[PDB]
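Colleague:
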Amino acid sequence: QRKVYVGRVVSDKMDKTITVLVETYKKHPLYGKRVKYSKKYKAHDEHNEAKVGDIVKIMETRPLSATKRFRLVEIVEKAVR
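In structure tokens:
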């Protein structure tokens with residue numbers, strides 16, 4: 005796959021509202037090279053106070069000149085569309 009990602013949250017808070025999150029950095033084994041662990045992306049409480057939407061999806065690659073929109077198709081939990 006070129007880029008993108010998906011997962012964590014779907015909510016989270018970040019003056020944005022909705023999205024996901026998903027750690028930050030490659031991940032390797034864990035040894036002790038810091039890491040961070042894959043990535044992460046805004047969100048909020050989309051009703052019910054959300055609280056970590058769960059595992060959705062999208063993308064929103066880093067801006068490289070004139071591109072701030074993101075990619076996706078959605079996700080977050082089974083049973084709901």
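The opening position of the sequence shown corresponds to residue 5 in PDB author numbering, with each subsequent residue numbered one higher.
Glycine is no exception: its CB is placed at the ideal position from the N, C-alpha and C atoms.
1) Name the residue from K20, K82, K7, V8 whose alpha carbon lies nearest to the alpha carbon of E50.
2) Return the bridge partner residues of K46 from the DSSP annotation.
3) Quick check: the region 16-32 against the region 52-63, are at least 3 beta-carbon pairs closer than 8 Å?
4) Going straight from the alpha carbon of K82 to that of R12, what length do you get?
5) Beta-carbon separation of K61 and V24 under 8 Å?
Modeller: Reading from the atomic positions:
1) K20
2) In DSSP, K46 forms no bridge with anything.
3) At 8 Å Cβ cutoff, the stretches touch.
4) 14 Å
5) yes
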